[PDB]
>>> print(open('upload-v1.txt').read())   # compact mmCIF, N, CA and C atoms
# COMPACT_ATOMS: atom_id res chain seq x y z
N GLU A 1 -55.49 -1.39 -48.08
CA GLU A 1 -54.59 -2.56 -48.19
C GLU A 1 -54.00 -2.90 -46.83
N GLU A 2 -54.08 -4.17 -46.47
CA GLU A 2 -53.51 -4.67 -45.23
C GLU A 2 -53.48 -6.19 -45.27
N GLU A 3 -54.64 -6.78 -45.48
CA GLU A 3 -54.76 -8.23 -45.58
C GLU A 3 -54.22 -8.74 -46.91
N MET A 4 -52.92 -8.93 -46.98
CA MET A 4 -52.30 -9.54 -48.14
C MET A 4 -52.54 -11.04 -48.12
N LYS A 5 -52.62 -11.59 -46.91
CA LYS A 5 -52.85 -13.02 -46.71
C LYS A 5 -54.18 -13.45 -47.32
N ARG A 6 -55.13 -12.53 -47.36
CA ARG A 6 -56.45 -12.81 -47.92
C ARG A 6 -56.35 -13.15 -49.40
N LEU A 7 -55.36 -12.58 -50.07
CA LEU A 7 -55.16 -12.81 -51.50
C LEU A 7 -54.76 -14.25 -51.77
N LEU A 8 -54.13 -14.88 -50.78
CA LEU A 8 -53.70 -16.27 -50.91
C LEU A 8 -54.89 -17.22 -50.82
N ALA A 9 -55.93 -16.79 -50.11
CA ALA A 9 -57.14 -17.59 -49.97
C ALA A 9 -58.01 -17.46 -51.21
N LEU A 10 -57.82 -16.36 -51.93
CA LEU A 10 -58.59 -16.07 -53.14
C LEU A 10 -58.39 -17.18 -54.17
N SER A 11 -59.50 -17.68 -54.69
CA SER A 11 -59.48 -18.69 -55.73
C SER A 11 -60.72 -18.50 -56.60
N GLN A 12 -60.65 -18.94 -57.85
CA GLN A 12 -61.76 -18.76 -58.78
C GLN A 12 -62.69 -19.96 -58.77
N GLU A 13 -63.94 -19.72 -59.14
CA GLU A 13 -64.96 -20.77 -59.20
C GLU A 13 -64.54 -21.85 -60.20
N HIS A 14 -64.31 -23.05 -59.70
CA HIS A 14 -63.76 -24.11 -60.53
C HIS A 14 -64.60 -25.39 -60.47
N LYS A 15 -64.76 -25.95 -59.27
CA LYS A 15 -65.51 -27.19 -59.11
C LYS A 15 -67.01 -26.97 -59.31
N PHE A 16 -67.50 -27.45 -60.45
CA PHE A 16 -68.89 -27.26 -60.85
C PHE A 16 -69.74 -28.56 -60.83
N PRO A 17 -69.18 -29.75 -61.20
CA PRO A 17 -69.91 -31.00 -61.48
C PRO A 17 -71.37 -31.07 -61.02
N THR A 18 -71.61 -31.28 -59.73
CA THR A 18 -72.96 -31.49 -59.24
C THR A 18 -73.23 -30.74 -57.94
N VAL A 19 -73.97 -29.64 -58.04
CA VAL A 19 -74.44 -28.92 -56.87
C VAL A 19 -75.90 -28.51 -57.06
N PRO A 20 -76.73 -28.61 -56.01
CA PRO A 20 -78.13 -28.20 -56.06
C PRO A 20 -78.28 -26.67 -56.00
N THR A 21 -77.85 -26.10 -54.89
CA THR A 21 -77.89 -24.66 -54.70
C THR A 21 -76.63 -24.03 -55.31
N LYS A 22 -76.44 -22.73 -55.10
CA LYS A 22 -75.24 -22.06 -55.56
C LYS A 22 -74.36 -21.75 -54.38
N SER A 23 -74.61 -22.45 -53.29
CA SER A 23 -73.83 -22.29 -52.09
C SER A 23 -72.78 -23.40 -52.04
N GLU A 24 -71.67 -23.15 -52.71
CA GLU A 24 -70.66 -24.17 -52.97
C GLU A 24 -69.51 -24.05 -51.97
N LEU A 25 -69.03 -25.19 -51.49
CA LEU A 25 -67.92 -25.24 -50.56
C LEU A 25 -66.68 -25.78 -51.28
N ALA A 26 -65.70 -24.92 -51.52
CA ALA A 26 -64.51 -25.33 -52.25
C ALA A 26 -63.28 -25.36 -51.35
N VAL A 27 -62.64 -26.53 -51.29
CA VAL A 27 -61.41 -26.71 -50.54
C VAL A 27 -60.34 -27.34 -51.42
N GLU A 28 -59.21 -26.67 -51.53
CA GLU A 28 -58.09 -27.19 -52.30
C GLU A 28 -56.90 -27.43 -51.37
N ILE A 29 -56.20 -28.54 -51.58
CA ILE A 29 -55.16 -28.96 -50.65
C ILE A 29 -53.77 -28.88 -51.28
N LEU A 30 -52.86 -28.23 -50.56
CA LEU A 30 -51.46 -28.16 -50.95
C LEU A 30 -50.61 -28.96 -49.96
N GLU A 31 -49.49 -29.51 -50.42
CA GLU A 31 -48.68 -30.42 -49.62
C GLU A 31 -47.96 -29.69 -48.48
N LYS A 32 -47.92 -28.37 -48.57
CA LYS A 32 -47.28 -27.55 -47.54
C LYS A 32 -48.20 -27.38 -46.33
N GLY A 33 -49.20 -28.25 -46.22
CA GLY A 33 -50.20 -28.10 -45.19
C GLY A 33 -50.97 -26.82 -45.38
N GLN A 34 -51.43 -26.60 -46.60
CA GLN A 34 -52.13 -25.37 -46.94
C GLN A 34 -53.55 -25.66 -47.36
N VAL A 35 -54.49 -25.11 -46.61
CA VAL A 35 -55.90 -25.26 -46.92
C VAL A 35 -56.39 -24.06 -47.70
N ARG A 36 -56.85 -24.30 -48.91
CA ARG A 36 -57.46 -23.26 -49.71
C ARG A 36 -58.96 -23.36 -49.51
N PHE A 37 -59.54 -22.41 -48.80
CA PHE A 37 -60.94 -22.49 -48.44
C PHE A 37 -61.69 -21.25 -48.89
N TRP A 38 -62.69 -21.46 -49.72
CA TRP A 38 -63.59 -20.39 -50.09
C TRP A 38 -64.96 -20.97 -50.39
N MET A 39 -66.00 -20.22 -50.08
CA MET A 39 -67.35 -20.64 -50.37
C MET A 39 -68.14 -19.49 -50.97
N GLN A 40 -69.11 -19.82 -51.79
CA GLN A 40 -69.95 -18.82 -52.44
C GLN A 40 -71.41 -19.18 -52.25
N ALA A 41 -72.28 -18.18 -52.28
CA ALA A 41 -73.71 -18.41 -52.18
C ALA A 41 -74.46 -17.56 -53.19
N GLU A 42 -75.66 -17.97 -53.55
CA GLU A 42 -76.47 -17.21 -54.50
C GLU A 42 -77.24 -16.11 -53.79
N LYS A 43 -77.50 -16.31 -52.51
CA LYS A 43 -78.14 -15.31 -51.68
C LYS A 43 -77.21 -14.95 -50.53
N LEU A 44 -77.04 -13.66 -50.29
CA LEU A 44 -76.00 -13.21 -49.37
C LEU A 44 -76.60 -12.67 -48.07
N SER A 45 -77.42 -11.63 -48.19
CA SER A 45 -78.03 -11.00 -47.03
C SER A 45 -79.04 -11.94 -46.38
N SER A 46 -78.84 -12.19 -45.08
CA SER A 46 -79.72 -13.04 -44.26
C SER A 46 -79.89 -14.43 -44.89
N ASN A 47 -78.80 -14.96 -45.44
CA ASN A 47 -78.84 -16.27 -46.07
C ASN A 47 -77.50 -16.99 -45.90
N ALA A 48 -77.57 -18.32 -45.77
CA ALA A 48 -76.39 -19.17 -45.63
C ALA A 48 -75.68 -18.95 -44.29
N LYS A 49 -75.99 -19.81 -43.33
CA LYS A 49 -75.30 -19.77 -42.04
C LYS A 49 -74.22 -20.84 -42.01
N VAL A 50 -72.98 -20.40 -41.83
CA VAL A 50 -71.84 -21.29 -41.90
C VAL A 50 -71.30 -21.58 -40.51
N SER A 51 -71.40 -22.83 -40.09
CA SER A 51 -70.84 -23.25 -38.83
C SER A 51 -69.36 -23.57 -38.99
N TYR A 52 -68.51 -22.68 -38.51
CA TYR A 52 -67.07 -22.91 -38.55
C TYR A 52 -66.68 -23.84 -37.41
N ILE A 53 -66.86 -25.13 -37.65
CA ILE A 53 -66.71 -26.13 -36.60
C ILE A 53 -65.31 -26.74 -36.59
N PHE A 54 -64.58 -26.46 -35.53
CA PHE A 54 -63.32 -27.14 -35.26
C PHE A 54 -63.44 -27.89 -33.95
N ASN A 55 -63.38 -29.22 -34.02
CA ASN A 55 -63.48 -30.07 -32.83
C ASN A 55 -64.85 -29.87 -32.16
N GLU A 56 -65.85 -29.57 -32.99
CA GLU A 56 -67.23 -29.33 -32.55
C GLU A 56 -67.36 -28.02 -31.77
N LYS A 57 -66.42 -27.12 -32.01
CA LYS A 57 -66.44 -25.78 -31.43
C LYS A 57 -66.30 -24.76 -32.55
N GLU A 58 -67.03 -23.65 -32.48
CA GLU A 58 -66.91 -22.62 -33.49
C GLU A 58 -65.66 -21.78 -33.25
N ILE A 59 -64.96 -21.49 -34.33
CA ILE A 59 -63.68 -20.80 -34.27
C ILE A 59 -63.78 -19.38 -34.82
N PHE A 60 -62.87 -18.54 -34.38
CA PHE A 60 -62.82 -17.15 -34.80
C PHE A 60 -61.42 -16.82 -35.31
N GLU A 61 -61.30 -15.74 -36.07
CA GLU A 61 -60.02 -15.37 -36.66
C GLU A 61 -59.02 -14.96 -35.59
N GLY A 62 -57.76 -15.32 -35.81
CA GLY A 62 -56.72 -15.00 -34.87
C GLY A 62 -55.35 -15.24 -35.45
N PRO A 63 -54.47 -15.94 -34.73
CA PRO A 63 -53.13 -16.27 -35.21
C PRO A 63 -53.15 -17.30 -36.34
N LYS A 64 -53.70 -18.48 -36.05
CA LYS A 64 -53.69 -19.59 -36.99
C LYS A 64 -54.91 -19.54 -37.91
N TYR A 65 -55.96 -18.86 -37.45
CA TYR A 65 -57.21 -18.79 -38.21
C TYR A 65 -57.34 -17.45 -38.92
N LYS A 66 -57.66 -17.50 -40.20
CA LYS A 66 -57.86 -16.30 -41.01
C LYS A 66 -59.07 -16.50 -41.91
N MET A 67 -60.10 -15.68 -41.73
CA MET A 67 -61.37 -15.87 -42.43
C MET A 67 -62.07 -14.54 -42.66
N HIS A 68 -62.51 -14.31 -43.89
CA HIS A 68 -63.19 -13.07 -44.24
C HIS A 68 -64.46 -13.37 -45.02
N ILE A 69 -65.30 -12.36 -45.19
CA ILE A 69 -66.55 -12.53 -45.90
C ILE A 69 -66.76 -11.40 -46.92
N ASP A 70 -66.87 -11.78 -48.18
CA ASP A 70 -67.19 -10.84 -49.25
C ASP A 70 -68.70 -10.70 -49.40
N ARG A 71 -69.14 -9.49 -49.74
CA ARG A 71 -70.56 -9.21 -49.88
C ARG A 71 -70.90 -8.75 -51.28
N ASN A 72 -69.93 -8.77 -52.18
CA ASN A 72 -70.15 -8.30 -53.54
C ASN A 72 -70.43 -9.48 -54.46
N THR A 73 -69.81 -10.60 -54.16
CA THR A 73 -69.96 -11.80 -54.96
C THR A 73 -70.50 -12.94 -54.11
N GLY A 74 -70.19 -12.89 -52.82
CA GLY A 74 -70.66 -13.88 -51.89
C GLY A 74 -69.58 -14.87 -51.53
N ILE A 75 -68.33 -14.42 -51.61
CA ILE A 75 -67.19 -15.28 -51.35
C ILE A 75 -66.75 -15.17 -49.90
N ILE A 76 -66.96 -16.22 -49.14
CA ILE A 76 -66.42 -16.31 -47.79
C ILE A 76 -65.16 -17.15 -47.82
N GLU A 77 -64.02 -16.52 -47.62
CA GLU A 77 -62.75 -17.21 -47.76
C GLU A 77 -62.02 -17.35 -46.42
N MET A 78 -61.33 -18.47 -46.27
CA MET A 78 -60.52 -18.74 -45.09
C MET A 78 -59.18 -19.32 -45.50
N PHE A 79 -58.12 -18.83 -44.88
CA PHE A 79 -56.79 -19.32 -45.19
C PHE A 79 -56.15 -19.90 -43.94
N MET A 80 -55.91 -21.20 -43.97
CA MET A 80 -55.25 -21.85 -42.86
C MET A 80 -53.80 -22.18 -43.20
N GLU A 81 -52.91 -21.83 -42.29
CA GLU A 81 -51.51 -22.16 -42.43
C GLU A 81 -51.18 -23.41 -41.62
N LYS A 82 -50.75 -23.24 -40.37
CA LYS A 82 -50.57 -24.35 -39.44
C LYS A 82 -50.00 -23.82 -38.13
N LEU A 83 -50.29 -24.51 -37.04
CA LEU A 83 -49.74 -24.12 -35.75
C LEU A 83 -48.87 -25.25 -35.21
N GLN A 84 -49.51 -26.31 -34.76
CA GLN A 84 -48.81 -27.46 -34.20
C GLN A 84 -49.61 -28.73 -34.48
N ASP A 85 -48.93 -29.87 -34.48
CA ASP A 85 -49.59 -31.16 -34.69
C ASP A 85 -50.61 -31.42 -33.59
N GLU A 86 -50.35 -30.83 -32.43
CA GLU A 86 -51.25 -30.95 -31.28
C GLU A 86 -52.48 -30.05 -31.44
N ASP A 87 -52.33 -28.95 -32.16
CA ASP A 87 -53.39 -27.96 -32.28
C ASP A 87 -54.30 -28.29 -33.45
N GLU A 88 -53.69 -28.69 -34.55
CA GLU A 88 -54.41 -29.11 -35.73
C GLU A 88 -55.35 -30.28 -35.41
N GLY A 89 -56.61 -30.15 -35.80
CA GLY A 89 -57.61 -31.15 -35.46
C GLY A 89 -58.57 -31.43 -36.60
N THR A 90 -59.78 -31.84 -36.25
CA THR A 90 -60.82 -32.09 -37.23
C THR A 90 -61.60 -30.82 -37.52
N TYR A 91 -61.41 -30.28 -38.72
CA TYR A 91 -62.13 -29.10 -39.14
C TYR A 91 -63.33 -29.50 -39.98
N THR A 92 -64.51 -29.11 -39.55
CA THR A 92 -65.74 -29.47 -40.23
C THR A 92 -66.55 -28.22 -40.54
N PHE A 93 -66.55 -27.83 -41.80
CA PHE A 93 -67.27 -26.65 -42.23
C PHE A 93 -68.58 -27.05 -42.85
N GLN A 94 -69.67 -26.62 -42.25
CA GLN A 94 -70.99 -26.95 -42.77
C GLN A 94 -71.82 -25.70 -42.99
N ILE A 95 -72.16 -25.46 -44.24
CA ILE A 95 -73.05 -24.37 -44.61
C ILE A 95 -74.48 -24.87 -44.59
N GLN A 96 -75.26 -24.42 -43.64
CA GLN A 96 -76.65 -24.82 -43.57
C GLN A 96 -77.50 -23.81 -44.33
N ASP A 97 -77.84 -24.16 -45.56
CA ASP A 97 -78.54 -23.23 -46.44
C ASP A 97 -79.73 -23.91 -47.11
N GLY A 98 -80.92 -23.55 -46.66
CA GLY A 98 -82.13 -24.08 -47.25
C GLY A 98 -82.28 -25.57 -47.00
N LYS A 99 -82.18 -26.35 -48.07
CA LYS A 99 -82.32 -27.79 -47.97
C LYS A 99 -81.03 -28.50 -48.36
N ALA A 100 -79.95 -27.73 -48.48
CA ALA A 100 -78.66 -28.29 -48.86
C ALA A 100 -77.61 -27.96 -47.82
N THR A 101 -76.76 -28.93 -47.52
CA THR A 101 -75.69 -28.72 -46.57
C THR A 101 -74.34 -28.64 -47.28
N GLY A 102 -73.73 -27.46 -47.24
CA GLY A 102 -72.39 -27.30 -47.77
C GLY A 102 -71.37 -27.80 -46.78
N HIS A 103 -71.23 -29.12 -46.72
CA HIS A 103 -70.41 -29.74 -45.69
C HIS A 103 -69.06 -30.18 -46.24
N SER A 104 -68.01 -29.82 -45.52
CA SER A 104 -66.67 -30.27 -45.84
C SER A 104 -65.93 -30.67 -44.57
N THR A 105 -65.58 -31.94 -44.47
CA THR A 105 -64.79 -32.41 -43.36
C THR A 105 -63.33 -32.49 -43.77
N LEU A 106 -62.50 -31.71 -43.10
CA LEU A 106 -61.09 -31.64 -43.41
C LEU A 106 -60.29 -31.87 -42.13
N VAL A 107 -59.79 -33.09 -41.97
CA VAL A 107 -59.06 -33.45 -40.77
C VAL A 107 -57.56 -33.41 -41.00
N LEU A 108 -56.89 -32.50 -40.31
CA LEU A 108 -55.45 -32.42 -40.37
C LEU A 108 -54.87 -32.66 -38.98
N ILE A 109 -54.33 -33.84 -38.75
CA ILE A 109 -53.73 -34.15 -37.45
C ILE A 109 -52.53 -35.06 -37.64
N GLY A 110 -51.39 -34.64 -37.10
CA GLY A 110 -50.18 -35.47 -37.09
C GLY A 110 -49.90 -36.17 -38.41
N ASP A 111 -49.88 -37.50 -38.36
CA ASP A 111 -49.57 -38.32 -39.53
C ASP A 111 -50.75 -38.36 -40.49
N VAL A 112 -51.95 -38.13 -39.97
CA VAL A 112 -53.17 -38.22 -40.76
C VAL A 112 -53.14 -37.26 -41.94
N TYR A 113 -52.71 -36.02 -41.71
CA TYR A 113 -52.76 -35.02 -42.77
C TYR A 113 -51.72 -35.27 -43.87
N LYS A 114 -50.61 -35.93 -43.55
CA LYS A 114 -49.58 -36.19 -44.56
C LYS A 114 -50.12 -37.16 -45.60
N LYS A 115 -51.03 -38.02 -45.16
CA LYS A 115 -51.64 -39.03 -46.02
C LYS A 115 -52.47 -38.37 -47.11
N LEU A 116 -53.41 -37.54 -46.70
CA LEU A 116 -54.30 -36.85 -47.64
C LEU A 116 -53.53 -35.82 -48.46
N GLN A 117 -52.51 -35.23 -47.85
CA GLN A 117 -51.70 -34.22 -48.52
C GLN A 117 -50.99 -34.81 -49.74
N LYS A 118 -50.42 -36.00 -49.56
CA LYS A 118 -49.67 -36.64 -50.63
C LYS A 118 -50.58 -37.21 -51.71
N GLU A 119 -51.84 -37.47 -51.38
CA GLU A 119 -52.78 -37.97 -52.37
C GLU A 119 -53.25 -36.85 -53.29
N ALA A 120 -53.07 -35.61 -52.84
CA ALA A 120 -53.36 -34.45 -53.66
C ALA A 120 -52.09 -34.00 -54.38
N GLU A 121 -51.03 -33.79 -53.61
CA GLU A 121 -49.74 -33.38 -54.14
C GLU A 121 -48.73 -34.51 -54.01
N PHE A 122 -48.55 -35.25 -55.09
CA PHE A 122 -47.63 -36.38 -55.11
C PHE A 122 -46.46 -36.09 -56.03
>>> encode(input="upload-v1.txt", output="structure tokens")
Amino acid sequence: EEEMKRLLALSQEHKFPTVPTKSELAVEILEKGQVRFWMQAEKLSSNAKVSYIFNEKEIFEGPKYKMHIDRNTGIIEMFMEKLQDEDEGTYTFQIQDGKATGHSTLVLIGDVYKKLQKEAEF
């Protein structure tokens, strides 16, 4: 036990409607500037390459970034809090898996993020 923050990123498989593969990209938005990010795949070992693209640069875990990878179910989870309006940018997560792209564009910047935030949490 150490990563308690990881438990906050934990979420159950919910959004089902229309997906080709089982490599699903799930993002849930809270008004507190909270990104709920988790993805799952049907194949784990040597499968599903996820480009963690922020501002067209790949990011790694640190202060503002928190991301882990499960190998028992295939849950790759990331929990974003917030740093600064200047630091927050265009986050583009694309899972390149087979013939399907698990792409999610999530832009949080200044006034821009308050707009999308309130459309989820009103």
>>> select_by_dssp(input="upload-v1.txt", residues="chain A", states="helix (DSSP H, G or I)", output="number ranges by chain")
A: 5-9, 110-120
>>> closest_atom_pairs(input="upload-v1.txt", of="range 8-86 of chain A", to="range 94-112 of chain A", cutoff="6.5 Å", atoms="only N, CA and C atoms", output="Markdown table")
| residue | atom | partner | partner_atom | distance |
| --- | --- | --- | --- | --- |
| A:21 | N | A:100 | CA | 6.5 |
| A:23 | C | A:102 | CA | 5.8 |
| A:24 | C | A:102 | CA | 6.0 |
| A:25 | N | A:102 | CA | 5.4 |
| A:47 | C | A:97 | CA | 6.3 |
| A:48 | CA | A:97 | CA | 4.7 |
| A:49 | C | A:96 | N | 4.1 |
| A:50 | CA | A:95 | CA | 4.3 |
| A:51 | N | A:94 | C | 4.1 |
| A:52 | N | A:94 | N | 5.6 |
| A:53 | N | A:94 | N | 5.6 |
| A:85 | CA | A:110 | N | 4.6 |
| A:86 | N | A:110 | N | 6.1 |
>>> write_last_selection(input="upload-v1.txt", atoms="N, CA and C atoms", output="PDB file, in the frame of the given file")
ATOM      1  N   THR A  21     -77.850 -26.100 -54.890  1.00  0.00           N
ATOM      2  CA  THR A  21     -77.890 -24.660 -54.700  1.00  0.00           C
ATOM      3  C   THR A  21     -76.630 -24.030 -55.310  1.00  0.00           C
ATOM      4  N   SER A  23     -74.610 -22.450 -53.290  1.00  0.00           N
ATOM      5  CA  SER A  23     -73.830 -22.290 -52.090  1.00  0.00           C
ATOM      6  C   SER A  23     -72.780 -23.400 -52.040  1.00  0.00           C
ATOM      7  N   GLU A  24     -71.670 -23.150 -52.710  1.00  0.00           N
ATOM      8  CA  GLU A  24     -70.660 -24.170 -52.970  1.00  0.00           C
ATOM      9  C   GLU A  24     -69.510 -24.050 -51.970  1.00  0.00           C
ATOM     10  N   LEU A  25     -69.030 -25.190 -51.490  1.00  0.00           N
ATOM     11  CA  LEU A  25     -67.920 -25.240 -50.560  1.00  0.00           C
ATOM     12  C   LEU A  25     -66.680 -25.780 -51.280  1.00  0.00           C
ATOM     13  N   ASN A  47     -78.800 -14.960 -45.440  1.00  0.00           N
ATOM     14  CA  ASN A  47     -78.840 -16.270 -46.070  1.00  0.00           C
ATOM     15  C   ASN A  47     -77.500 -16.990 -45.900  1.00  0.00           C
ATOM     16  N   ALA A  48     -77.570 -18.320 -45.770  1.00  0.00           N
ATOM     17  CA  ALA A  48     -76.390 -19.170 -45.630  1.00  0.00           C
ATOM     18  C   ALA A  48     -75.680 -18.950 -44.290  1.00  0.00           C
ATOM     19  N   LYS A  49     -75.990 -19.810 -43.330  1.00  0.00           N
ATOM     20  CA  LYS A  49     -75.300 -19.770 -42.040  1.00  0.00           C
ATOM     21  C   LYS A  49     -74.220 -20.840 -42.010  1.00  0.00           C
ATOM     22  N   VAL A  50     -72.980 -20.400 -41.830  1.00  0.00           N
ATOM     23  CA  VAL A  50     -71.840 -21.290 -41.900  1.00  0.00           C
ATOM     24  C   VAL A  50     -71.300 -21.580 -40.510  1.00  0.00           C
ATOM     25  N   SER A  51     -71.400 -22.830 -40.090  1.00  0.00           N
ATOM     26  CA  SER A  51     -70.840 -23.250 -38.830  1.00  0.00           C
ATOM     27  C   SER A  51     -69.360 -23.570 -38.990  1.00  0.00           C
ATOM     28  N   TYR A  52     -68.510 -22.680 -38.510  1.00  0.00           N
ATOM     29  CA  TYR A  52     -67.070 -22.910 -38.550  1.00  0.00           C
ATOM     30  C   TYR A  52     -66.680 -23.840 -37.410  1.00  0.00           C
ATOM     31  N   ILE A  53     -66.860 -25.130 -37.650  1.00  0.00           N
ATOM     32  CA  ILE A  53     -66.710 -26.130 -36.600  1.00  0.00           C
ATOM     33  C   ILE A  53     -65.310 -26.740 -36.590  1.00  0.00           C
ATOM     34  N   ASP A  85     -48.930 -29.870 -34.480  1.00  0.00           N
ATOM     35  CA  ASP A  85     -49.590 -31.160 -34.690  1.00  0.00           C
ATOM     36  C   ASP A  85     -50.610 -31.420 -33.590  1.00  0.00           C
ATOM     37  N   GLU A  86     -50.350 -30.830 -32.430  1.00  0.00           N
ATOM     38  CA  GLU A  86     -51.250 -30.950 -31.280  1.00  0.00           C
ATOM     39  C   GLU A  86     -52.480 -30.050 -31.440  1.00  0.00           C
TER      40      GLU A  86
END
>>> residues_around(input="upload-v1.txt", residues="residue 38 in chain A", least_positions_apart="4", cutoff="8 Å", atoms="only C-alpha atoms", output="PDB file with N, CA and C atoms, in the coordinates of the input")
ATOM      1  N   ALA A   9     -55.930 -16.790 -50.110  1.00  0.00           N
ATOM      2  CA  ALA A   9     -57.140 -17.590 -49.970  1.00  0.00           C
ATOM      3  C   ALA A   9     -58.010 -17.460 -51.210  1.00  0.00           C
ATOM      4  N   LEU A  10     -57.820 -16.360 -51.930  1.00  0.00           N
ATOM      5  CA  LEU A  10     -58.590 -16.070 -53.140  1.00  0.00           C
ATOM      6  C   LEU A  10     -58.390 -17.180 -54.170  1.00  0.00           C
ATOM      7  N   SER A  11     -59.500 -17.680 -54.690  1.00  0.00           N
ATOM      8  CA  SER A  11     -59.480 -18.690 -55.730  1.00  0.00           C
ATOM      9  C   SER A  11     -60.720 -18.500 -56.600  1.00  0.00           C
ATOM     10  N   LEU A  25     -69.030 -25.190 -51.490  1.00  0.00           N
ATOM     11  CA  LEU A  25     -67.920 -25.240 -50.560  1.00  0.00           C
ATOM     12  C   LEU A  25     -66.680 -25.780 -51.280  1.00  0.00           C
ATOM     13  N   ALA A  26     -65.700 -24.920 -51.520  1.00  0.00           N
ATOM     14  CA  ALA A  26     -64.510 -25.330 -52.250  1.00  0.00           C
ATOM     15  C   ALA A  26     -63.280 -25.360 -51.350  1.00  0.00           C
ATOM     16  N   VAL A  27     -62.640 -26.530 -51.290  1.00  0.00           N
ATOM     17  CA  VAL A  27     -61.410 -26.710 -50.540  1.00  0.00           C
ATOM     18  C   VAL A  27     -60.340 -27.340 -51.420  1.00  0.00           C
ATOM     19  N   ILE A  75     -68.330 -14.420 -51.610  1.00  0.00           N
ATOM     20  CA  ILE A  75     -67.190 -15.280 -51.350  1.00  0.00           C
ATOM     21  C   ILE A  75     -66.750 -15.170 -49.900  1.00  0.00           C
ATOM     22  N   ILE A  76     -66.960 -16.220 -49.140  1.00  0.00           N
ATOM     23  CA  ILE A  76     -66.420 -16.310 -47.790  1.00  0.00           C
ATOM     24  C   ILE A  76     -65.160 -17.150 -47.820  1.00  0.00           C
ATOM     25  N   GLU A  77     -64.020 -16.520 -47.620  1.00  0.00           N
ATOM     26  CA  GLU A  77     -62.750 -17.210 -47.760  1.00  0.00           C
ATOM     27  C   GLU A  77     -62.020 -17.350 -46.420  1.00  0.00           C
ATOM     28  N   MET A  78     -61.330 -18.470 -46.270  1.00  0.00           N
ATOM     29  CA  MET A  78     -60.520 -18.740 -45.090  1.00  0.00           C
ATOM     30  C   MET A  78     -59.180 -19.320 -45.500  1.00  0.00           C
TER      31      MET A  78
END
>>> select_by_dssp(input="upload-v1.txt", residues="chain A", states="strand (DSSP E)", output="PyMOL selection string")
chain A and resi 24-30+34-40+49-54+57-58+67-69+76-80+90-97+100-107
>>> atom_distance(input="upload-v1.txt", atom1="CA of residue 66 in chain A", atom2="CA of residue 3 in chain A")
9.8 Å
>>> atom_distance(input="upload-v1.txt", atom1="CA of residue 16 in chain A", atom2="CA of residue 39 in chain A")
12.5 Å
>>> atom_distance(input="upload-v1.txt", atom1="atom C of residue 31 in chain A", atom2="atom N of residue 67 in chain A")
19.7 Å
>>> closest_residue(input="upload-v1.txt", among="A:74, A:89, A:62, A:17", to="residue 40 in chain A", atoms="all atoms listed in the file")
A:74
>>> axis_aligned_box(input="upload-v1.txt", around="range 2-16 of chain A", padding_each_side="8 Å", output="JSON")
{"center_x": -61.0, "center_y": -16.4, "center_z": -53.0, "size_x": 33.4, "size_y": 40.4, "size_z": 31.6}
>>> closest_residue(input="upload-v1.txt", among="A:45, A:92, A:73, A:34", to="residue 117 in chain A", atoms="all atoms listed in the file")
A:34
>>> closest_residue(input="upload-v1.txt", among="A:54, A:42, A:119, A:20", to="residue 93 in chain A", atoms="only N, CA and C atoms")
A:54
>>> build_atoms(input="upload-v1.txt", residues="range 29-37 of chain A", atoms="N, CA, C and O atoms", output="PDB file, in the coordinates of the input")
ATOM      1  N   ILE A  29     -56.200 -28.540 -51.580  1.00  0.00           N
ATOM      2  CA  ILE A  29     -55.160 -28.960 -50.650  1.00  0.00           C
ATOM      3  C   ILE A  29     -53.770 -28.880 -51.280  1.00  0.00           C
ATOM      4  O   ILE A  29     -53.532 -29.376 -52.381  1.00  0.00           O
ATOM      5  N   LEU A  30     -52.860 -28.230 -50.560  1.00  0.00           N
ATOM      6  CA  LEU A  30     -51.460 -28.160 -50.950  1.00  0.00           C
ATOM      7  C   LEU A  30     -50.610 -28.960 -49.960  1.00  0.00           C
ATOM      8  O   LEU A  30     -50.967 -29.049 -48.780  1.00  0.00           O
ATOM      9  N   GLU A  31     -49.490 -29.510 -50.420  1.00  0.00           N
ATOM     10  CA  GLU A  31     -48.680 -30.420 -49.620  1.00  0.00           C
ATOM     11  C   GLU A  31     -47.960 -29.690 -48.480  1.00  0.00           C
ATOM     12  O   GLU A  31     -47.461 -30.314 -47.553  1.00  0.00           O
ATOM     13  N   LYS A  32     -47.920 -28.370 -48.570  1.00  0.00           N
ATOM     14  CA  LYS A  32     -47.280 -27.550 -47.540  1.00  0.00           C
ATOM     15  C   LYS A  32     -48.200 -27.380 -46.330  1.00  0.00           C
ATOM     16  O   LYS A  32     -48.012 -26.475 -45.513  1.00  0.00           O
ATOM     17  N   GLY A  33     -49.200 -28.250 -46.220  1.00  0.00           N
ATOM     18  CA  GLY A  33     -50.200 -28.100 -45.190  1.00  0.00           C
ATOM     19  C   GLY A  33     -50.970 -26.820 -45.380  1.00  0.00           C
ATOM     20  O   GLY A  33     -51.124 -26.027 -44.459  1.00  0.00           O
ATOM     21  N   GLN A  34     -51.430 -26.600 -46.600  1.00  0.00           N
ATOM     22  CA  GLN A  34     -52.130 -25.370 -46.940  1.00  0.00           C
ATOM     23  C   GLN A  34     -53.550 -25.660 -47.360  1.00  0.00           C
ATOM     24  O   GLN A  34     -53.789 -26.360 -48.344  1.00  0.00           O
ATOM     25  N   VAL A  35     -54.490 -25.110 -46.610  1.00  0.00           N
ATOM     26  CA  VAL A  35     -55.900 -25.260 -46.920  1.00  0.00           C
ATOM     27  C   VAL A  35     -56.390 -24.060 -47.700  1.00  0.00           C
ATOM     28  O   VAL A  35     -56.328 -22.925 -47.216  1.00  0.00           O
ATOM     29  N   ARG A  36     -56.850 -24.300 -48.910  1.00  0.00           N
ATOM     30  CA  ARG A  36     -57.460 -23.260 -49.710  1.00  0.00           C
ATOM     31  C   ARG A  36     -58.960 -23.360 -49.510  1.00  0.00           C
ATOM     32  O   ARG A  36     -59.585 -24.312 -49.989  1.00  0.00           O
ATOM     33  N   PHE A  37     -59.540 -22.410 -48.800  1.00  0.00           N
ATOM     34  CA  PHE A  37     -60.940 -22.490 -48.440  1.00  0.00           C
ATOM     35  C   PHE A  37     -61.690 -21.250 -48.890  1.00  0.00           C
ATOM     36  O   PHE A  37     -61.350 -20.138 -48.493  1.00  0.00           O
TER      37      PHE A  37
END
